[PDB]
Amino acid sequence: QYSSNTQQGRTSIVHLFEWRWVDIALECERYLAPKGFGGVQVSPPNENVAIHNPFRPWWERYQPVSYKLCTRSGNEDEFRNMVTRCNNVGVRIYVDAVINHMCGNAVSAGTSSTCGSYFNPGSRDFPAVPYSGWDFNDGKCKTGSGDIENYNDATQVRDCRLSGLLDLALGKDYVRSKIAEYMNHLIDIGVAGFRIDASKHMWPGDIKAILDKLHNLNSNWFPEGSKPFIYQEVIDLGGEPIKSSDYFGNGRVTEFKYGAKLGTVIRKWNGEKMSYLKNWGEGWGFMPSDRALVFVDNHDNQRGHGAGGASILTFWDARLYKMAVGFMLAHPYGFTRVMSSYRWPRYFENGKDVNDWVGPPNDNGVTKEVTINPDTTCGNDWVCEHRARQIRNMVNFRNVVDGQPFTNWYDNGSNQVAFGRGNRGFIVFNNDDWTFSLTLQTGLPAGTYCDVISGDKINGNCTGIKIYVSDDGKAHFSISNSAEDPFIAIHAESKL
């Protein structure tokens, strides 16, 4: 469950949050395959409640009504088409699995669902599964409200309703079997693994029991005996009884400490500075590298949901965000996930974004297609971080340097730092209020390299900055503090 199952020489996943299946399929073929992306995390593909107050929020997708593959992203046919087309170009699909719960207990009964299935939350009736009152934790939960009231109590965290979401009785074989049926449908279609949503809210042993029922990966694309990649969403920032380590038996785990700390460093808040990144990774108290799923922001915390945090960097803070993503993609710690977002009308009132609920770009609830502008950016309010040259070229940097050790670290005791990855790549950052101008040991063979942050290598020349590495591995770097992108990266495949 720890192996990504990506094509050899591909090392990242991109979250195409709320994208439609037909758009992901095209993106696999036209962009992700040729640019060396490993795979795509997709939004939950199962049927959810259609929530009309507020208007079609992104979070309606975290309120299941059934396991039919029928959502605003598309139907089962389009989902199958996408997984096939992506695998056929060597790009994997990872599904956001919403398995802890069904919908909110106060949602009105009827057919307000993305495939029109009937459901009745008040009577615990979900006949399109089917589930009944016997399949939820109402009798098991010991809180007065029936909801989770206290994260200091590990038992209620697992057995009670997260924010009122109907909590499935994952201790029962019947329920485990219905979930496994859903996951095996996805595996057989060709999915390479799963983000297990709300993992903290399930017993590690119930997750195990479900995983035990799963098929091996589809034997047309994956070697015989291949198991789905599992990464579990557990928010563990310390101070609670439940630990990220409790879930290592099942797969990798999201390391939320990573983006919180990195955002603080890059913002130069709380006395932090880039020179302190010398021991980044387990040195900062993070989980083992071979279990961490890392990221700068995710779909929750980029809009203040989840653990939130003021330090989180997002596309809204573009200059600092690209730097943070660049550092993440250069550094060997963890398995890297890149966020790809849409714009929404952020509006702060009393410190909170009152529009943190807004769903994807839409026409009366119908998700907009991803349009491609002439300069390869996206239209229709999709941000497409993964198409920014500075981020896309760093995704390739990570591929090029895969397996190479962290070496040749330099820092100025403040915010000018640099490091290499064996003899295959080198990166330099200036986050101080003055120019970074210095000759550094790069560890690279002698030659002329294209900086892949400012430009690209094409037909024997560079479109941006060129770096000249001499016979002894040394090169001069000059980065103004007023640079729009104050970092430079060179690698084996950017050499002229």
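The numbering used is simple: start at 1 and walk along the sequence shown.
*Could you check the entry and say whether 55-63 or 457-465 has the higher mean CA B-factor?*
Taking the mean B-factor of the alpha carbons in each, 457-465 is higher.
*Quick one: say whether 339-347 or 370-378 has the higher mean Cα B-factor in the deposited entry.*
The stretch with the larger mean CA B-factor is 370-378.
*Would you mind finding, among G190, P127, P332, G251, the residue with the largest C-alpha temperature factor in the entry?*
Top of the list by C-alpha B-factor: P127.
_Out of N393, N362, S108, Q232, highest CA B-factor residue_ = Highest C-alpha B-factor among the listed residues goes to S108.
*If you rank the chain by CA B-factor, which third does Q41 end up in: lowest, middle or highest?*
Lowest third.
_Splitting the chain's C-alpha B-factors into thirds, which one does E18 fall into?_
Within its chain, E18 is a lowest-third residue by C-alpha B-factor, going by the deposited values.
_Cα B factor band for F79 (lowest, middle or highest third within the chain)_ = CA B-factor rank for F79: lowest third.
*Taking the entry's C-alpha B-factors for this chain, is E27 in the lowest, middle or highest third?*
Lowest third.
*Chain-wide C-alpha B factor ranking for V452, given as lowest, middle or highest third*: Within its chain, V452 is a lowest-third residue by C-alpha B-factor, going by the deposited values.
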